[PDB]
Each structure stands twice: as C-alpha cells, then as structure tokens.
Amino acid sequence: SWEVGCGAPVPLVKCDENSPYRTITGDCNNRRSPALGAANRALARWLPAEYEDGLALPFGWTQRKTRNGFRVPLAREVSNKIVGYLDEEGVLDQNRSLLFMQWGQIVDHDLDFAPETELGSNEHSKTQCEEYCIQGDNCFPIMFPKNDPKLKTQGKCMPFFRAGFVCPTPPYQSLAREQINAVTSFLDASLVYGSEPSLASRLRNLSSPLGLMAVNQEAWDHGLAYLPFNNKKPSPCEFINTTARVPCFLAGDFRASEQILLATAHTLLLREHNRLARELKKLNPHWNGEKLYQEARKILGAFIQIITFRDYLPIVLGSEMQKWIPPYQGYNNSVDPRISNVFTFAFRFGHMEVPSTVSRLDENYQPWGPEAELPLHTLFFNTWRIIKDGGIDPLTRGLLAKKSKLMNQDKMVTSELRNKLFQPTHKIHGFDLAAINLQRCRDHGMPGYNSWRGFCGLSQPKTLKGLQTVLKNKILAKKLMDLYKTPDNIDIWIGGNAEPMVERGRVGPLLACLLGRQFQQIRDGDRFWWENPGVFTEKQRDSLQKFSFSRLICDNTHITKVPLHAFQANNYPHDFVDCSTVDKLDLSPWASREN
Ligand SMILES: *[C@@H]1O[C@H](CO)[C@@H](O[C@@H]2O[C@H](CO)[C@@H](O[C@@H]3O[C@H](CO)[C@@H](O[C@H]4O[C@H](CO)[C@@H](O)[C@H](O)[C@@H]4O)[C@H](O)[C@@H]3O)[C@H](O)[C@H]2NC(C)=O)[C@H](O)[C@H]1NC(C)=O
Ligand code: HEM
Ligand SMILES: *[C@@H]1O[C@H](CO)[C@@H](O[C@@H]2O[C@H](CO)[C@@H](O[C@H]3O[C@H](CO)[C@@H](O)[C@H](O)[C@@H]3O)[C@H](O)[C@H]2NC(C)=O)[C@H](O)[C@H]1NC(C)=O
Ligand SMILES: *[C@@H]1O[C@H](CO)[C@@H](O[C@@H]2O[C@H](CO)[C@@H](O)[C@H](O)[C@H]2NC(C)=O)[C@H](O)[C@H]1NC(C)=O
Ligand SMILES: *[C@@H]1O[C@H](CO)[C@@H](O[C@@H]2O[C@H](CO)[C@@H](O)[C@H](O)[C@H]2NC(C)=O)[C@H](O)[C@H]1NC(C)=O
Ligand SMILES: [Ca+2]
C-alpha cells in the first residue's frame, strides 16, 4: 500500500465543532475524520482500479495490449451497434414525467463531478488532439470505426480528454491514478450554493443584509428572478446564436446551462432560496444576512434530501429500495460518505431516459406557439430560449405534462445525444454521449461487468448462453459477445444498463445494488441528514415532511394548476389541481424569541 495521505485539496480548514451549518466544502461533516466527503478529493474506490499498465493507462490505449486476452472494442463502435436506434415512436415512459429524468440529473450534479484535465489556456494541445487525433498524455481520442458516417463528415475522431486526478493534475510517477470529485459527496444543494468558498461568495448578494443570492439584473421573468449571467467569455451559450448573444448562467455548479431544462430547474431553486430568506426576515427581523443565508440554505438542503429519498429513489429502485436503503436508525460516524468512482457511471442510467424533444406549453397546457416542440440538440447550452422566448413557465409545464424516455434494450440513447451532443469546448453538434461514457469508464480504470456482479453478490455469466439469461435478451447478448468476446470485459456503464429493470423500478439488479449502497451511505454518513436528532426540531421536521415539488412550482412560478405527485405521468387537466390544494411549507416553527 502507498501514501495514506496524498492530497491537493482546498487548503486551510478549521472546524467550528458547534456550528449548526454545513461548511461549503463539505469539510468538518465527520468529526474524527474531517476531510471525509469534502469536495476536491479523490472519488472513493470500492474495488481496485484496473488500468492497462496497472497504474494509469486506460484499457484500449496500447492497441496491442489486451484485456483478458482480447482487444477492447472501440467506444463509438459499441455505441453504433448497441446503443443507437432511429424510431422515437413508442419510446416514452408511460408512468414517469419528464421531471423524473430531470430530478435525477440534479441529484447527480449535487453528488459528483470529475472535471477534465486543465493544462490549457494557451494550449495547441487542445488542437493537436482536435485536428490530428493524435493520442498523447491527456488526449485519449474516440476513433471512428470503419463505415461510421461521421468519418465522411466530421473527421477521424472525437476529441476527448482524460479526467483530472489527485496529487497534481500534471505529469508523473506514483500510486494508481485516482480521479477527483470536485463537489461535496453529501446531498446538500451544493449545486445551488457551490462547493468552493470562492464561488459560494460570488453567488451571494452581499450588497444587502438579507441573505439573498444574486439575481440577473439584465432580464426578468414577469417579475421573477433569473440566475445571473456568467461574465466570462468565450461563452458556449453565446456561440450557438451569435445574434442573440445570450451568455450561460452562473450557478453553484458549472454544468448548469448544459441543457435548457436543467437551467430551468436551477432557476426554481435559486428562487426558493430568496423566497425562503425573505419569508424568514419577516419572522425574524433581527436575524442578520449570514443567518438568513444559512437558515434558508439549510432548509433547501433538507428539501433536496426529502424529495430525493421520499419521492424519487423509491421509483428508481422499485422493490429493491428496502433491500438497500433500510429505515433510518440514526447517524453513523463509521460510514464512509464519499461518492465512489463507479457510482458516477452507475448514475448515468439517466442518459437513456432523455427523450428527443422538449416542449413549451401555455396556461391551458397547449403548445406554446408554432415551434412549441424543439429537438433536444438545439437546446444544449441554450439560454436565449428562456430569456427571449417565454421565460421558464412554459418549460416547467412541459416538465409536468411530458414523459421521460423509457430505457429500452432495443432503443437506449436518443440520436440527439448519440450523434448531436454539443461540447463546451468545441464548435459542432456532433459528439456521442454514449461513446464518451464508455471511453470514460476506461479512463476511470473501472473493473469489468462481472467484477461488479460479484461485488453485488450476483451471478457472473461466462458464456453467451449465460449472458442471454441474465440480460433476458438473445440478440442483445449476442452483439455484446461479438464485440467484447467475454462478459468480463463488458464496460460497467453499458453492462449495468443492459439488464432488465426490477419490479416497479427503472434500473436492473446490478445498478440497484450500486445505487442503493451509495445512497444508504451518504444518508447514514451525513451528520447533517435532516432526520438526525438535533439538526432540525421535531416541530420543524413536521413542517418539512410537507414539502413537495408541486408546491415549489406553485411558490416560484405563475403556474396555478399542478399535479399532486409530480414524478408519475400526469394528464391535463384530470390529474391537475389548483395550487391551493397543495400543502404549503409552514415556517412558523422557525420563529425565534429573544426575551
Ligand atoms: C455503523 O456502521 C458500521 C459500518 O457498517 C457498522 O459496522 C459493522 O459492524 C459489524 C460488527 O458489529 C461488522 O461485521 C458484522 O457484524 C459481525 C462481526 O462482529 C458479523 O457477525 C458474524 O461475523 C462472522 C460472519 O460474517 C462470523 O465469524 C461471526 O461468528 C458472526 O456470524 C456480521 O455478519 C457482520 O459482518 C462489520 O465489519 C462493520 N461494517 C463494516 C464493513 O464497516 C455498525 O454496525 C454501525 N454501528 C451501529 C451498531 O449502528
Ligand atoms: C445533456 C445531458 C443530459 C440531459 C439532457 C444529461 C442527463 C443526465 C441524467 C438525467 C442523469 C441522471 C439521472 C445524468 C447523470 C450524469 N451525467 Fe449526464 N446528461 C447530459 C450530458 C452529460 C455530459 C456531457 C456528461 C460528461 C460526460 C463525460 O464523461 O465527460 C455527463 C455526465 C454525467 C454524470 C457524471 C458526472 C461526474 O461525476 O463527473 C452523471 C452522474 N452528462 N445525466
Ligand atoms: C437567435 O436567436 C434569435 C432571438 O434573439 C432568433 O431570432 C428571433 O426569432 C424569431 C424569428 O425566427 C422571432 O420571434 C417571433 O416573434 C416575432 C415578434 O413577435 C415575429 O416578428 C416573428 O415572426 C417571430 O416568429 C424573433 O423576432 C427573432 N428575433 C430577431 C431580433 O431576429 C433566431 O431565430 C435565433 N437564431 C438561431 C439560428 O437560433
Ligand atoms: C405510476 O407510478 C406510481 C408511482 O409509483 C404508482 O403509484 C404507486 O402505487 C402503489 C400501489 O400499491 C402504491 O404503493 C403507492 O401508493 C403509489 N405511489 C404513489 C405516490 O401514488 C402507480 O401505480 C403507477 N401507475 C401505474 C398505472 O402503474
Ligand atoms: C441585492 O439585493 C437587493 C435587494 O435588497 C437588490 O436591490 C433591489 O433591486 C430591485 C431590482 O433592481 C429593486 O426593486 C430594489 O429597489 C432594490 N432594493 C433595494 C433595497 O435596493 C439587488 O439587485 C440585489 N443584487 C443583486 C446583484 O442581485
Ligand atoms: Ca453535494
């Protein structure tokens, strides 16, 4: 074993050991071991990393070197033969609204982020990789197979950069390579407030003692706030429409403007913070800016935890929920709350839940205009559609009235993401999210499918025949064997998502195991979990049990008709009720007395 303490985190840390508020970086959550779960630390390894040279080189790097006796198939080839399909008809989830997909992405970004390697401000490497597809140091190209149409119109590869790692970012020689998690492992709304003090600061409105988050000053949504714009140029959001020139938004998380619906969700939460903060000042006129800020923040963090654990996991894990996440019996300081490396791939099941279009609906939940339904790809890093095309209400109604895409063995990832993904850095709508995911497994030195099956105590198929029975699909099992020549080599992302779904769930057995464990840990390992005696009062907890995503929409948008259970498929107007019928968050329990 090697150094039990390498480390390039945010430096200076000193715990308050009486502070009723989480730190921004996640530090100090655990008392005996302060850095546990903090941002900018290595992702946890539940199993040893598997690299071509046992230390840092991904499998597929050295063409001649095999994995278990075989060549690992190209990411894009696996993408073309297994993940793609043409017919979007009949692909929608009959019982999960679009919000189901969307909330998952939110929880996801609150938990883990592995940014790519940074060594380019001045880089021509950013081009020796783009232009020539030359494999070298952190350039690990996604080569196009023979007969791939992109060869004819895009080039020879997709550029792709290895993820950052701990102890430098830079060159050489030590222990196995461990990727970084740039955000806090705890479900704490870090995505709204940021994971660095530096950013948490810039996001706040410190011009007034109200504890509000800064809002846009250039535009308004019917008197409702927008997230401030990011001042930094070049902006990708500006790029997709040189004429509208609208920048990306500035939020606690850098991926916020990835897609219009994710930016919509971010806006709702920022709105709830300021809403909470002003409602609190009304009750406690005495409280200062900091107190207003921390108490609202604390409330919002409880909201995310509650919606996630009460309404969202149950319908992901289905019958497996109880098997992995038992009833809460209290905080446990012996539990490692860190997000593991494999979790960040397991949680990518959501990619197969994204449909090809996004709609905007009007007050009666009718098409908003002539071009109400747009292709997903035209909305990547698209903020001008919100700002100069209706605000977020038409988008939010879409989230409630439309359905998520159903994971389907014959139709996995929509072409909008498989062939038209737009990356921050480059200029085309031609990347492949599926291939990227696959290349990224290898980059992260992930163990194979069967290593994880064994880890979860599940059978491990060694034969085509064995794979057919687990996957319950003859044809899918076959193309898989043809490309991988052995189950042991199947990349975890595609292997875990190819399994049939569990009863009342949306993921298979393997994924339910990987997801379930992770979630039980960040709950049980969180000293600030909302139900942990002492964090909130019994009276406060009674009030928080009433949160609902519907109420959230009611208090921060001009939608007045909403469903009671926002994550299940809901038809308008039968399943929609007036906001008055929806429980409000009673904040009197936060009222404070001096004398
Ligand atoms: C907070 O979470 C902690 C981390 O999970 C929990 O710690 C675990 O503690 C148990 C022991 O109490 C550890 O193993 C389990 O308990 C028994 C070991 O004493 C085992 O009993 C069996 O041991 C083997 C069989 O496996 C036999 O030889 C023996 O005769 C008996 O059958 C259990 O089967 C079980 O493994 C375990 O190492 C800890 N978990 C890990 C890996 O960290 C702790 O329970 C929690 N604290 C509390 C009590 O709330
Ligand atoms: C565009 C993208 C999305 C929506 C249109 C989208 C959606 C999701 C869902 C719904 C997720 C979970 C339910 C989910 C998880 C994670 N993603 Fe994904 N995602 C879009 C695009 C991307 C891109 C681009 C990446 C980067 C991939 C890379 O390897 O470089 C991406 C990643 C992830 C990810 C890992 C994050 C991390 O830990 O670094 C998820 C947990 N998504 N997305
Ligand atoms: C770049 O974003 C532009 C918005 O800044 C967008 O231009 C706008 O789009 C349409 C025309 O395509 C117009 O919106 C509609 O409503 C107006 C006025 O009510 C009508 O006059 C039109 O008929 C139209 O249907 C906007 O007026 C127009 N704005 C401007 C100033 O041109 C572009 O379409 C975006 N371009 C791309 C490539 O995405
Ligand atoms: C749509 O999914 C919802 C949400 O899971 C299903 O509703 C659950 O129904 C079961 C019946 O036992 C109950 O355990 C829960 O009360 C329900 N949850 C909620 C909040 O309603 C519903 O069955 C699904 N619709 C269909 C027709 O499958
Ligand atoms: C900081 O918060 C203050 C509110 O305290 C904002 O200033 C207000 O701005 C709104 C909109 O321009 C006006 O109705 C008020 O007159 C202002 N109120 C006061 C008391 O000045 C300000 O915009 C916030 N700053 C940022 C960047 O979001
Ligand atoms: Ca977090």
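Every read-out reported here was derived from the displayed coordinates using simple, explicitly stated rules and does not represent laboratory data. Cβ: placed from backbone, ideal geometry, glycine included. Neighbour counts: every protein chain shown.
Remarks
Residues checked against (1) more than 16 Å from ligand 5 (Cβ to nearest atom); (2) farther than 18 Å from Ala263 by Cβ; (3) among the acidic types (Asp, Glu); (4) assigned to a loop (DSSP other than H, G, I, E, B):
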site: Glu363; (1), (2), (3), (4): yes, yes, yes, yes
site: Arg385; (1), (2), (3), (4): yes, no, no, no
site: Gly390; (1), (2), (3), (4): yes, no, no, yes
site: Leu399; (1), (2), (3), (4): yes, no, no, no
site: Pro424; (1), (2), (3), (4): yes, no, no, yes
site: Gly430; (1), (2), (3), (4): yes, yes, no, no
site: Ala434; (1), (2), (3), (4): yes, yes, no, no
site: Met446; (1), (2), (3), (4): yes, yes, no, yes
site: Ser451; (1), (2), (3), (4): yes, yes, no, no
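- Among residues of the stretch 321-355, those that are in a helix (DSSP H, G or I), touching a helix residue (DSSP H, G or I) at 6+ places or on another chain (Cβ under 9 Å) and either free of Cβ contacts under 8 Å to residues at least 12 places away in the same chain or within 27 Å of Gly445 (Cβ to Cβ) (or both), counted: 12
- Of all residue pairs spaced 6 or more apart or on separate chains, those with beta-carbon atoms under 6 Å, a first member in the stretch 183-194 that is under 10 Å from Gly252 (Cβ atoms) and more than 16 Å from ligand 4 (Cβ to nearest atom) and a second member that is among the acidic types (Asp, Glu) and not in a helix (DSSP H, G or I) are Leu191/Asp253.
- Single match in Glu538, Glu531 (criterion: without any contact (Cβ under 8 Å) to a residue 24 or more places away in the chain and more than 16 Å from ligand 3 (Cβ to nearest atom)): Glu538
For every residue, the table says whether it meets (1) closer than 24 Å to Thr425 by Cβ; (2) of a type in the set (A, V, I, L, M, F, W, C); (3) within 16 Å of ligand 6 (Cβ to nearest atom).
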position: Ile240; (1), (2), (3): yes, yes, no
position: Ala277; (1), (2), (3): no, yes, no
position: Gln305; (1), (2), (3): no, no, yes
position: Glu320; (1), (2), (3): no, no, no
position: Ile339; (1), (2), (3): no, yes, yes
position: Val342; (1), (2), (3): no, yes, no
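- The condition of being of a type in the set (A, V, I, L, M, F, W, C), within 16 Å of ligand 1 (Cβ to nearest atom) and within 29 Å of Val562 (Cβ to Cβ) holds for only one of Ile306, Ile325, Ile260, that being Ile325.
- Selected residue [away from ligand 4 (no atom under 16 Å from the Cβ), crowded, with 23+ Cβ neighbours inside 10 Å and over 29 Å from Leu400 (Cβ atoms)] from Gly508, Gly525, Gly534, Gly496: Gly496
- Selection of first residues in the stretch 568-587 that are under 30 Å from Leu283 (Cα atoms) and touching a residue at least 40 places away in the same chain (Cβ under 8 Å) and of second residues that are among the hydrophobic types (A, V, I, L, M, F, W, C) and within 16 Å of ligand 5 (Cβ to nearest atom), restricted to Cβ pairs under 9 Å at least 6 apart or on distinct chains, gives the following pairs, ordered by first then second residue: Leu585/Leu276; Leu587/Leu276; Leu587/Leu280.
- Within the stretch 108-162, the set of residues being aliphatic (A, V, I, L, M), under 18 Å from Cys441 (Cβ atoms) and in a loop (DSSP other than H, G, I, E, B) comprises just one member, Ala114.
- For the stretch 163-175, filtered to residues that are of a type in the set (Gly, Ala, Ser) and either assigned to a loop (DSSP other than H, G, I, E, B) or touching a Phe, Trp or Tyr at 6+ places or on another chain (Cβ under 9 Å) (or both), the residue that is surrounded by the fewest Cβ atoms within 10 Å (Cβ to Cβ) is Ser174.
- Just one of the listed residues (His273, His266) is more than 16 Å from ligand 2 (Cβ to nearest atom) and either touching a residue at least 60 places away in the same chain (Cβ under 8 Å) or crowded, with 23+ Cβ neighbours inside 10 Å (or both), and it is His273.
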